[PDB]
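Here the structure is laid out as structure tokens; the discussion comes afterwards.
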Amino acid sequence: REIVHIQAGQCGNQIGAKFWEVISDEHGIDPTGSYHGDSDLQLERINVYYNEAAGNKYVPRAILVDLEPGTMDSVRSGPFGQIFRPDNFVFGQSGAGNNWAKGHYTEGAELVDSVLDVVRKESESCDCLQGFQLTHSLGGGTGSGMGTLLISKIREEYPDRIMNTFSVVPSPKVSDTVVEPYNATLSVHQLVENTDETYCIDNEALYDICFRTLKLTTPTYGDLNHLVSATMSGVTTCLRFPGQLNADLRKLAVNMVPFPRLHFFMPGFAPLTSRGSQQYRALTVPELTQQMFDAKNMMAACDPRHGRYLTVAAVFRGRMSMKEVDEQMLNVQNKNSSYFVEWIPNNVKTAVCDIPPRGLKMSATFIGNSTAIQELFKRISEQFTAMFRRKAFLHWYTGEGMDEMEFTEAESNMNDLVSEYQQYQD
Amino acid sequence: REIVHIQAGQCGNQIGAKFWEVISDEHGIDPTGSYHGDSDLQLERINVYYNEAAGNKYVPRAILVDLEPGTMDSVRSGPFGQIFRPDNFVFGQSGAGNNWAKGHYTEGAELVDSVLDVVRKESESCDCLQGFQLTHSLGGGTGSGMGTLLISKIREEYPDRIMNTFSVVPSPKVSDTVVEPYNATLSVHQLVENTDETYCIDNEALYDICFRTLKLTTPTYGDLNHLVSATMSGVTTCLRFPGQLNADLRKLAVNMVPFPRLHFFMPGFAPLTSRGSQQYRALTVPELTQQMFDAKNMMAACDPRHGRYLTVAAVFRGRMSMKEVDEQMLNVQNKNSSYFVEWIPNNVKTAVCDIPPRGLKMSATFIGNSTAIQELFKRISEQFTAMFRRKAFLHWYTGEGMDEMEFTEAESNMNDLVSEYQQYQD
Amino acid sequence: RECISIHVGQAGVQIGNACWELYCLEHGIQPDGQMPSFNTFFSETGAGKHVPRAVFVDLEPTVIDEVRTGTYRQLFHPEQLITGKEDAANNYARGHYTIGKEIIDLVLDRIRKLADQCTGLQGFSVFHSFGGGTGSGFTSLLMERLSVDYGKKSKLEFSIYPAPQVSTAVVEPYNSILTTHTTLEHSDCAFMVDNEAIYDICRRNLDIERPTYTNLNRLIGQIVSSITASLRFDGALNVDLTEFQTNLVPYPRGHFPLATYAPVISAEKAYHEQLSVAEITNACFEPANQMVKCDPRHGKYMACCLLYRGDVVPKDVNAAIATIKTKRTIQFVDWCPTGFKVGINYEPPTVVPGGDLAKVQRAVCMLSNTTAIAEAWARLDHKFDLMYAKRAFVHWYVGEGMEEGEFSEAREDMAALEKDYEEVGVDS
Amino acid sequence: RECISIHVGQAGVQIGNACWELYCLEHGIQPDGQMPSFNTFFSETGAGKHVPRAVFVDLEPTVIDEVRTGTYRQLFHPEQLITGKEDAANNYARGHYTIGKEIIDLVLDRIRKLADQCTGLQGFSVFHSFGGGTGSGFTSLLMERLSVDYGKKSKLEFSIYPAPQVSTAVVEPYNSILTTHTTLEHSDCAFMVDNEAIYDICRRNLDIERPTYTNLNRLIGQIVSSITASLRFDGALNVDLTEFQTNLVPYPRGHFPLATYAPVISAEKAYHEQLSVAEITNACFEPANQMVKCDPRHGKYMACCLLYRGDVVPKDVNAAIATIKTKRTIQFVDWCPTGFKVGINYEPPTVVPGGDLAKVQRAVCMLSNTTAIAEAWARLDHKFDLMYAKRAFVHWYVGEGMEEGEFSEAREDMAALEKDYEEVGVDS
Ligand SMILES: *OP(=O)(O)OP(=O)(O)OP(=O)(O)OC[C@H]1O[C@@H](n2cnc3c(=O)[nH]c(N)nc32)[C@H](O)[C@@H]1O
Ligand SMILES: *OP(=O)(O)OP(=O)(O)OP(=O)(O)OC[C@H]1O[C@@H](n2cnc3c(=O)[nH]c(N)nc32)[C@H](O)[C@@H]1O
Ligand SMILES: Nc1nc2c(ncn2[C@@H]2O[C@H](COP(=O)(O)OP(=O)(O)O)[C@@H](O)[C@H]2O)c(=O)[nH]1
Ligand SMILES: Nc1nc2c(ncn2[C@@H]2O[C@H](COP(=O)(O)OP(=O)(O)O)[C@@H](O)[C@H]2O)c(=O)[nH]1
Ligand SMILES: [Mg+2]
Ligand SMILES: [Mg+2]
């Protein structure tokens, strides 16, 4: 029944800053820590993410990890940085510098032991864990590097808990680190087989949505990470709150994974349009389904109609008829039958929660597992190869002891995921 | 049951500005978007042209298209530009310049893909489309050029929907573009076989009516486009509102087209006289029929008594007896038997709606398909030939890749319509 | 002893509106169905509400919506009110085939439901118009199914006869020609009236120069009620609908009895004038009260049925008949002796409150089959021919799957029909 | 004369919520249990509070919490409300095995406690859904134990039939195939309904285009009450649950009678219309009121049971039967003569205050076993096959200890079942 969340890397720490904000919004918990809500449900299932400390203080069940105090400090300095206890800030001193080898292989490795100890302390604080969630970037040093290391140890300690992670996937246009594909390649090599599932977030796609449908001209990462948190929070609240359908994360995982190795997801979100049009929108189930199916409302820079859909999850929040939902999903399946895989009859699955997100009447979360995902892997693998041959920045990595044959195997493994998507693309 | 309207070119955009104004007048919809009427019927069939967006906002089911933001902006700046959603403004940057080649063949072609995507989004928003309507100029770059391109694709997607268009036909005296007949020729070549029907509006004739019977000395295009919208709105309201006769657009199309290729129409309108005489007018069915038959009340610079009438539609708005209408139409047929074609017994058909246009007790719309129409084609074809031989401005067109043999075929096709009118003129 | 009314198309439904209004007037039926008091047409609920056993079909929502928003919206069961979204467009090709054929199954199942509600289905009658898309297109489609399921039940049709001078439908000849082809062969009897002729009646007998359809249909309703309400009510000679068919249809082709109705008199014209049964029947043989513009003196009679309301004594009727048989110029076909059906109901004639016709104490309806009808077909023949020779408007049917041969064929069937009239005219 | 209701899973519990609400409506039971007035279902306390003899199982706290916070939280005994912490995840492998198997012992002991409270346990019935983790997983687990302890008691199951078009559970075929394998062999009879078909009923007979599960379950509750409340109440022909089994199950396989219910009528549709027993039963043989999307005309009937509420006279029933036997197109299997069980209760039909269905004075429930069910299995066969051929989602079961052979086997068992339907279809 409970979940532990660990954030890492500057990305992960800033995403989590919005995530937790939202969760407390959902439950009426004040930036200082106490509960000042107003709904029974708000406290009722609070356990999944909060420990109530003496005084009616709620402690977010999460660990903030970094290798630079300053980022942690900036998190702590805002509202909701006060709700986190000092003991959840685990950090070192001297960066990682966006270096996998430092993060995973060497220096960051040193910190992980202290992180894990706190993890253990929290695992004991829970009655019964459902699982763990981690937030991070695929091409980052602590985000992926150190984060991955941690994941391999947590999974080891808890094989029976859900291990998932959401991660920022290097967008085709904006890479920061020259070896960002290298770090990503290494994380695939480690993560894929050490996780139950991973979500693919593309900032470029997010920037398109924010202007494309939301028509906004000023977003920052906090605004885009709001959208990220909308999908993350969407998933777990249902599990938390009363609904109609089947509201268990593990069951979601079961329904979305047809094969042990292909567990990559494309998140999307509805409704998600500018205020101008809000006066011209109608709120129906087909309306949400139109926004959910549309590739432009995906947060991943993929194109599901290019690939084939293996699995689709449609999560609904708010009062909807069962009939309408059933029929519209069927219609989707029918009309987009050319994209769905024939091996899975009725490949579109649903989940229904009766609690709407604060401020909306209804909402829906799109989760997909298509073959289209392989295109991201292909882009990375290719870029990787070029760098691999030149050893760009690999003296930094090999200087910290990372061996090229390990990287070679990582490359293969990327290619293996692509070939397996091809094996089920048919 | 529903209709989608697309406006294009400076002409089309300004005509539509009046058209939609009128439609909202008909239904009591405020310039800001909400419904503030007062009749049951006003909302009852609103679906054909409006989507009700959340908040009791009505969205006109139309797309505004241009290649210059400034025209679009001017439309948006007035009342009823606020009722259109931003998503219905599809435009590029850099004109067309009244160049078919740019509009259709090259640059404007690029925009059409985004237009069509929105079209598709609206086609899904409808329950069941009856058809589509487009407003444009025959000699214009985006009006005809880009507009035509769009039509060919919409027809392709929806063979089973009505495709009609109203278009400004180059008046004998006022052409703006030197190659306006060229653009028109090309549009015939493309449009005629890619449309179910097209209406022929002559500004010169309109300027004569406004002074001839309306005795006005200040009109602008907004006043003349009011008259245009009177005929357009006249047609669709009946379809929308309760009547006596047969109020379906497709049925109108069926009754007015005797031959696959000859679908050109001459709109006219009654009552349509100055206020002075309004104190000396009587309102009877023969009164309307006198105004309807009279060639001077036609909006097309043709002369129906010069040619032969193939089909006539008389649409009536307001309470009239069936007897009177039947008898007067018969009388018309009888007295003007020398103009009607002998192959079609009882060539004058009627349609009756019981809802009068706001402010009038009664009104009638004249729609005709005569052979006289061919005279317009003849004027254009001739002018075309001269230009064709000289290639006036064709370096602009051939510079954008338009081939002269395509134009040659276009010329033939114009001549073919004339010969077919002759074939049924007898 | 039950029957079903079917209203297809605007004409069918708007006429029906008048018809059911009149039936309400016949018994004091409230808009909500409450009747304080004719179960041959109506089905009773435990609230004492009665439902008119009828089906309303329109492929365009509007007219049915007009019903749905009027007073009789409470009377009609929502399932009786059937509507599509799109029209036939004046066109058999869509009415019978492309469009109407999609909804007809629903329509039939509502009919069948009512047929199951009937305990002794005597039969039914269909109200429509010869020129329209649903009016004639869909209509024949229905007959195609109804004649299978209800093969032994009365199949009476009532249709508006296309006015020779005014018609709003340019392809009406084509529509009507196609219906001939398909209705002749399926229906039992089709009746028709001419709105132009009716206008002349309104202006000469009612003195009204402003008739609308809402006037015109009241007059039609009168005629219909004489044969529908009063034939179920008590009289001397209670004539059934099956009896009507058995007394009006002489050949297995169709036949097309035309309506004539006298009295049609304005209130002022009723003053100072005393009608007798005989005088009313004299009026019935006058061209002037002929409801179709076709000259009674041109053709020869084959059938004739006179139905009486109110103060009618058979004694007087007998005398009247004697004079119409011998005094008039009514030529009749050899085949027929003058066995004219006399229906005599004690049930008085009724008048619509706020209507044009005067309160009368007695009334006579006349049905007649005359050879002059071939001229009506001749009218259609040339109108069709003209269009068809030029092939004007042909693409509006061809695009829906119609065949040119079919159209020729249908004309030929009409020609055959005309020839059979020719045959009957030849006395033998 | 007692029985136990078992509600497993959301579907089981939320349907149960409607069911127990209806039983409260049947007798005027207050939320606190106070009843001023059916002890076959209820157990009485000295306060005059009655406890519904039922068990509620959910492995996720939420739905039971919904009960615990609603009005009926006072009605239910805290021990009846059993909850785990984690879910089955749509998955038999956890529902039947890994997770649900841990709590089941508790569940069984509460059942046994109630069995000891029963003095004359007639039997019980289980409410669930064919696709879910607890809905079908846990459910079959329970049957495995209940069939041992209560081997001679009624084992009736009610389950939601997976909609062919909409399903939220991608591995539902796999779940349902596994249940077939294990339920066929243990249960006595399983009934099922299709929410999609129900939607069509709601929109056509109730005229509602917005059905939620809380509407859908009211309709289900109606059907259930006819066979649960009214079978314990007085009538002419008082039919027991064991009698139901003894009159509905023809073979030792299972059988799967499907529900049909007529009247399902909106208040406005009830006006102006008089239903008789015969008319209601006519509706019962119409595809249109079939609660499962499966065509009654496709298959052949094997069993049929008609249960009557309110104003039903056997006299009329007899006539109705005669016509359904002879008038209809109902083909039936040789094996069977038409011995259709007629249950006739004087107990009137009841309606939920604020519901959609009209107050009716009489009502008929129909159970039927048709050969068309094999097509439902065919649907599952291919859906399963597709997934299984690709081995999509297989790791979610394998990781819990499931065997691939087992899955093949379960499919084969389904195939055998289809073959037995084939067999029955062959007349002999
Ligand atoms: O709309 P569609 O063509 O699909 O079906 P219809 O309803 O048959 O078409 P419509 O064009 O309305 O048919 C018109 C013919 O019928 C006459 N008519 C219309 N409404 C009438 C009415 O209320 N009463 C009478 N007596 N006649 C009516 C028209 O004159 C025309 O011939
Ligand atoms: O949660 P878990 O999978 O472990 O158990 P379930 O409760 O069986 O799962 P769930 O996913 O909710 O099963 C859903 C199936 O049952 C239908 N359904 C849900 N709730 C329903 C209700 O209240 N009434 C009806 N009639 N059907 C209900 C869903 O359509 C789905 O097929
Ligand atoms: N959405 C999102 N992406 C971020 C944020 N911060 C850094 N990123 C992305 O993360 C990548 C850089 O890795 P970084 O987080 O600096 O690594 P680390 O800090 O060394 O672990 C780039 O692709 C950025 O676009 C953020 O707050 N939101
Ligand atoms: N009635 C009418 N004609 C117009 C309007 N605007 C331009 N026109 C006519 O359109 C022709 C010019 O084409 P234009 O609309 O400028 O082409 P485009 O803007 O490049 O697509 C001329 O014949 C004008 O008389 C208008 O608002 N009303
Ligand atoms: Mg559940
Ligand atoms: Mg009509």
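To be explicit about the labels: the chains of the structure tokens are called A, B, and onward in the order shown, and within each one the residues are counted from 1, while ligands get numbers from 1 in the order they are shown.
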Check: which chain A residues lie within 9 Å of chain D using only C-alpha atoms, as a ChimeraX atom specification: /A:1,45,128,130,239-260,310-314,319-331,333-334,341-351,424
Expected file: the selected residues, C-alpha atoms, as an mmCIF file, in the first residue's frame:
```cif
data_model
loop_
_atom_site.group_PDB
_atom_site.id
_atom_site.type_symbol
_atom_site.label_atom_id
_atom_site.label_comp_id
_atom_site.auth_asym_id
_atom_site.auth_seq_id
_atom_site.Cartn_x
_atom_site.Cartn_y
_atom_site.Cartn_z
ATOM 1 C CA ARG A 1 0.000 0.000 0.000
ATOM 2 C CA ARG A 45 -5.391 7.538 1.940
ATOM 3 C CA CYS A 128 3.294 -2.389 3.344
ATOM 4 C CA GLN A 130 3.357 -1.232 -3.088
ATOM 5 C CA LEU A 239 -4.889 4.109 -6.583
ATOM 6 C CA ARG A 240 -5.434 6.055 -3.683
ATOM 7 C CA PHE A 241 -8.932 7.174 -4.172
ATOM 8 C CA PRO A 242 -12.270 5.504 -4.732
ATOM 9 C CA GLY A 243 -13.196 4.752 -8.259
ATOM 10 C CA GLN A 244 -14.881 2.269 -10.456
ATOM 11 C CA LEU A 245 -12.120 0.431 -12.071
ATOM 12 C CA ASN A 246 -9.201 -1.183 -11.073
ATOM 13 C CA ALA A 247 -7.089 0.778 -9.253
ATOM 14 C CA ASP A 248 -3.904 -0.769 -8.607
ATOM 15 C CA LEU A 249 -0.536 0.180 -9.948
ATOM 16 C CA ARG A 250 0.684 -3.366 -10.159
ATOM 17 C CA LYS A 251 -2.356 -4.279 -12.139
ATOM 18 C CA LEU A 252 -1.569 -1.420 -14.423
ATOM 19 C CA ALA A 253 1.920 -2.807 -14.833
ATOM 20 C CA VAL A 254 0.533 -6.232 -15.547
ATOM 21 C CA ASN A 255 -1.803 -4.961 -18.198
ATOM 22 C CA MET A 256 0.811 -2.864 -19.882
ATOM 23 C CA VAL A 257 3.679 -5.318 -20.151
ATOM 24 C CA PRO A 258 3.348 -8.133 -22.702
ATOM 25 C CA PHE A 259 6.978 -9.007 -22.648
ATOM 26 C CA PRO A 260 9.644 -8.958 -19.938
ATOM 27 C CA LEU A 310 1.027 -2.901 -28.009
ATOM 28 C CA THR A 311 -0.837 -1.639 -25.016
ATOM 29 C CA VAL A 312 -2.985 1.318 -24.141
ATOM 30 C CA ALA A 313 -4.140 2.524 -20.811
ATOM 31 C CA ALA A 314 -6.788 5.079 -20.414
ATOM 32 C CA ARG A 319 -17.661 11.166 -13.022
ATOM 33 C CA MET A 320 -18.141 9.472 -16.346
ATOM 34 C CA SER A 321 -20.487 6.815 -17.539
ATOM 35 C CA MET A 322 -19.122 3.340 -17.932
ATOM 36 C CA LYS A 323 -21.008 2.956 -21.137
ATOM 37 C CA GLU A 324 -19.613 6.031 -22.714
ATOM 38 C CA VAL A 325 -16.111 5.171 -21.767
ATOM 39 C CA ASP A 326 -16.480 1.641 -23.037
ATOM 40 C CA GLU A 327 -17.956 2.751 -26.284
ATOM 41 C CA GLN A 328 -15.472 5.423 -26.998
ATOM 42 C CA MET A 329 -12.561 3.196 -26.266
ATOM 43 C CA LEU A 330 -14.036 0.640 -28.542
ATOM 44 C CA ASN A 331 -14.400 3.215 -31.213
ATOM 45 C CA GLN A 333 -9.801 0.583 -31.207
ATOM 46 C CA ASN A 334 -11.989 0.279 -34.196
ATOM 47 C CA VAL A 341 -1.305 -5.162 -32.741
ATOM 48 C CA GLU A 342 -3.424 -8.054 -33.773
ATOM 49 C CA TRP A 343 -2.137 -10.371 -31.201
ATOM 50 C CA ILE A 344 -3.817 -8.557 -28.440
ATOM 51 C CA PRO A 345 -7.552 -8.527 -28.678
ATOM 52 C CA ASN A 346 -9.062 -5.419 -27.276
ATOM 53 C CA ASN A 347 -5.715 -3.806 -26.648
ATOM 54 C CA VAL A 348 -7.177 -0.731 -25.068
ATOM 55 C CA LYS A 349 -7.659 -1.044 -21.358
ATOM 56 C CA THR A 350 -9.272 1.321 -18.936
ATOM 57 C CA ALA A 351 -9.111 2.500 -15.352
ATOM 58 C CA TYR A 424 6.653 -7.655 -32.005
#
```
Surrounding residues of stretch 313-319 of chain C excluding itself and chain neighbours under 4 positions, 7 Å, only C-alpha atoms, as a PyMOL selection string: chain C and resi 277-278+323
Let me see the file: selected residues, N, CA, C and O atoms, as an mmCIF file, in the first residue's frame.
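Done, and the output landed in out.cif:
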```cif
data_model
loop_
_atom_site.group_PDB
_atom_site.id
_atom_site.type_symbol
_atom_site.label_atom_id
_atom_site.label_comp_id
_atom_site.auth_asym_id
_atom_site.auth_seq_id
_atom_site.Cartn_x
_atom_site.Cartn_y
_atom_site.Cartn_z
ATOM 1 N N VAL C 277 -80.187 15.412 -49.096
ATOM 2 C CA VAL C 277 -79.242 14.388 -49.456
ATOM 3 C C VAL C 277 -79.004 14.421 -50.944
ATOM 4 O O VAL C 277 -77.859 14.406 -51.410
ATOM 5 N N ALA C 278 -80.117 14.484 -51.665
ATOM 6 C CA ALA C 278 -80.122 14.519 -53.106
ATOM 7 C C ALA C 278 -79.390 15.737 -53.630
ATOM 8 O O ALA C 278 -78.642 15.629 -54.609
ATOM 9 N N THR C 323 -81.877 9.429 -59.715
ATOM 10 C CA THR C 323 -81.647 10.533 -60.597
ATOM 11 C C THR C 323 -80.219 10.613 -61.034
ATOM 12 O O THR C 323 -79.950 11.038 -62.155
#
```
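Among A:380, A:418, A:405, A:238, the residue with the shortest atom-to-atom distance to ligand 5, counting only C-alpha atoms and all ligand atoms, is A:238.
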Residues of chain C were defined as contacting chain D if any atom lay at most 10 Å from it, counting only C-alpha atoms; please report them as a PDB file with N, CA, C and O atoms, in the first residue's frame.
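Final file, iface-v4.pdb:
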```
ATOM      1  N   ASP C  32     -53.169  15.282 -23.996  1.00  0.00           N
ATOM      2  CA  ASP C  32     -52.424  14.294 -23.262  1.00  0.00           C
ATOM      3  C   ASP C  32     -52.910  12.899 -23.413  1.00  0.00           C
ATOM      4  O   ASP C  32     -52.416  11.989 -22.749  1.00  0.00           O
ATOM      5  N   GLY C  33     -53.892  12.724 -24.261  1.00  0.00           N
ATOM      6  CA  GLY C  33     -54.410  11.429 -24.455  1.00  0.00           C
ATOM      7  C   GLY C  33     -55.617  11.095 -23.660  1.00  0.00           C
ATOM      8  O   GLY C  33     -56.237  10.052 -23.900  1.00  0.00           O
ATOM      9  N   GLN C  34     -55.953  11.960 -22.723  1.00  0.00           N
ATOM     10  CA  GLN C  34     -57.051  11.631 -21.879  1.00  0.00           C
ATOM     11  C   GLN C  34     -58.278  11.756 -22.648  1.00  0.00           C
ATOM     12  O   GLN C  34     -58.599  12.781 -23.250  1.00  0.00           O
ATOM     13  N   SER C  43     -55.343   2.841 -28.785  1.00  0.00           N
ATOM     14  CA  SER C  43     -54.964   1.879 -27.781  1.00  0.00           C
ATOM     15  C   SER C  43     -54.986   2.505 -26.420  1.00  0.00           C
ATOM     16  O   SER C  43     -54.388   3.549 -26.174  1.00  0.00           O
ATOM     17  N   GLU C  44     -55.678   1.844 -25.531  1.00  0.00           N
ATOM     18  CA  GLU C  44     -55.873   2.333 -24.190  1.00  0.00           C
ATOM     19  C   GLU C  44     -54.890   1.946 -23.130  1.00  0.00           C
ATOM     20  O   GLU C  44     -54.441   0.800 -23.045  1.00  0.00           O
ATOM     21  N   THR C  45     -54.560   2.946 -22.334  1.00  0.00           N
ATOM     22  CA  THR C  45     -53.729   2.786 -21.169  1.00  0.00           C
ATOM     23  C   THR C  45     -54.576   2.797 -19.943  1.00  0.00           C
ATOM     24  O   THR C  45     -55.716   3.262 -19.955  1.00  0.00           O
ATOM     25  N   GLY C  46     -53.972   2.398 -18.841  1.00  0.00           N
ATOM     26  CA  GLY C  46     -54.666   2.352 -17.571  1.00  0.00           C
ATOM     27  C   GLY C  46     -55.075   3.715 -17.043  1.00  0.00           C
ATOM     28  O   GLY C  46     -55.889   3.810 -16.124  1.00  0.00           O
ATOM     29  N   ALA C  47     -54.494   4.770 -17.600  1.00  0.00           N
ATOM     30  CA  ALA C  47     -54.862   6.112 -17.241  1.00  0.00           C
ATOM     31  C   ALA C  47     -55.998   6.621 -18.056  1.00  0.00           C
ATOM     32  O   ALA C  47     -56.487   7.739 -17.852  1.00  0.00           O
ATOM     33  N   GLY C  48     -56.441   5.793 -18.969  1.00  0.00           N
ATOM     34  CA  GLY C  48     -57.481   6.247 -19.800  1.00  0.00           C
ATOM     35  C   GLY C  48     -56.917   7.100 -20.904  1.00  0.00           C
ATOM     36  O   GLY C  48     -57.615   7.962 -21.459  1.00  0.00           O
ATOM     37  N   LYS C  49     -55.633   6.885 -21.190  1.00  0.00           N
ATOM     38  CA  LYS C  49     -55.062   7.636 -22.260  1.00  0.00           C
ATOM     39  C   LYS C  49     -55.094   6.716 -23.391  1.00  0.00           C
ATOM     40  O   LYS C  49     -54.896   5.507 -23.220  1.00  0.00           O
ATOM     41  N   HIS C  50     -55.329   7.306 -24.519  1.00  0.00           N
ATOM     42  CA  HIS C  50     -55.368   6.500 -25.684  1.00  0.00           C
ATOM     43  C   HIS C  50     -54.337   6.972 -26.638  1.00  0.00           C
ATOM     44  O   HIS C  50     -54.082   8.165 -26.804  1.00  0.00           O
ATOM     45  N   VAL C  51     -53.757   5.992 -27.263  1.00  0.00           N
ATOM     46  CA  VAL C  51     -52.723   6.210 -28.204  1.00  0.00           C
ATOM     47  C   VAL C  51     -53.200   5.941 -29.587  1.00  0.00           C
ATOM     48  O   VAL C  51     -53.765   4.880 -29.845  1.00  0.00           O
ATOM     49  N   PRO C  52     -53.045   6.867 -30.490  1.00  0.00           N
ATOM     50  CA  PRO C  52     -53.454   6.667 -31.831  1.00  0.00           C
ATOM     51  C   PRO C  52     -52.551   5.667 -32.470  1.00  0.00           C
ATOM     52  O   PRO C  52     -51.333   5.843 -32.472  1.00  0.00           O
ATOM     53  N   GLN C  74     -48.153  15.317 -26.550  1.00  0.00           N
ATOM     54  CA  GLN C  74     -48.401  14.487 -25.418  1.00  0.00           C
ATOM     55  C   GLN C  74     -49.182  13.254 -25.809  1.00  0.00           C
ATOM     56  O   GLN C  74     -49.074  12.210 -25.166  1.00  0.00           O
ATOM     57  N   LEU C  75     -49.987  13.400 -26.848  1.00  0.00           N
ATOM     58  CA  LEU C  75     -50.765  12.324 -27.412  1.00  0.00           C
ATOM     59  C   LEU C  75     -49.936  11.235 -28.005  1.00  0.00           C
ATOM     60  O   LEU C  75     -50.202  10.048 -27.801  1.00  0.00           O
ATOM     61  N   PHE C  76     -48.960  11.636 -28.791  1.00  0.00           N
ATOM     62  CA  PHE C  76     -48.188  10.611 -29.445  1.00  0.00           C
ATOM     63  C   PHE C  76     -47.097  10.000 -28.606  1.00  0.00           C
ATOM     64  O   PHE C  76     -46.400  10.665 -27.840  1.00  0.00           O
ATOM     65  N   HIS C  77     -46.966   8.696 -28.758  1.00  0.00           N
ATOM     66  CA  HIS C  77     -45.940   7.979 -28.057  1.00  0.00           C
ATOM     67  C   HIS C  77     -44.622   8.318 -28.726  1.00  0.00           C
ATOM     68  O   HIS C  77     -44.548   8.248 -29.955  1.00  0.00           O
ATOM     69  N   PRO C  78     -43.563   8.611 -27.980  1.00  0.00           N
ATOM     70  CA  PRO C  78     -42.267   8.902 -28.532  1.00  0.00           C
ATOM     71  C   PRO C  78     -41.768   7.895 -29.553  1.00  0.00           C
ATOM     72  O   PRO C  78     -41.063   8.279 -30.485  1.00  0.00           O
ATOM     73  N   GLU C  79     -42.125   6.623 -29.418  1.00  0.00           N
ATOM     74  CA  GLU C  79     -41.707   5.639 -30.399  1.00  0.00           C
ATOM     75  C   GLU C  79     -42.437   5.723 -31.719  1.00  0.00           C
ATOM     76  O   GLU C  79     -41.978   5.162 -32.717  1.00  0.00           O
ATOM     77  N   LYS C 113     -44.624  -3.894 -33.940  1.00  0.00           N
ATOM     78  CA  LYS C 113     -45.033  -3.770 -32.556  1.00  0.00           C
ATOM     79  C   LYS C 113     -46.495  -3.400 -32.470  1.00  0.00           C
ATOM     80  O   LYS C 113     -47.246  -3.990 -31.686  1.00  0.00           O
ATOM     81  N   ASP C 116     -48.641  -6.243 -33.420  1.00  0.00           N
ATOM     82  CA  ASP C 116     -48.814  -7.131 -32.292  1.00  0.00           C
ATOM     83  C   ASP C 116     -49.768  -6.559 -31.252  1.00  0.00           C
ATOM     84  O   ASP C 116     -50.383  -7.318 -30.501  1.00  0.00           O
ATOM     85  N   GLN C 117     -49.846  -5.231 -31.158  1.00  0.00           N
ATOM     86  CA  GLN C 117     -50.834  -4.625 -30.285  1.00  0.00           C
ATOM     87  C   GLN C 117     -52.217  -4.817 -30.860  1.00  0.00           C
ATOM     88  O   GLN C 117     -53.190  -4.881 -30.105  1.00  0.00           O
TER      89      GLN C 117
END
```
Distance query residue B:214 at most 8 Å, only C-alpha atoms, self and fewer than 4 positions along chain excluded, as JSON, numbers by chain: {"B": [209, 210, 272, 273, 274, 275]}
8 Å shell around ligand 4 using only C-alpha atoms and all ligand atoms, listed as a VMD selection string: chain B and resid 8 to 15 66 95 to 99 136 to 145 168 to 171 174 to 177 180 201 to 203 221 to 222 224 to 225 228
Given only C-alpha atoms and all ligand atoms as the counted atoms, nearest of C:106, C:376, C:73, C:137 to ligand 6: C:137
Per-residue DSSP, stretch 120-194 of chain D, filtered to strand (DSSP E), as a ChimeraX atom specification: /D:121-129,154-161,189-194
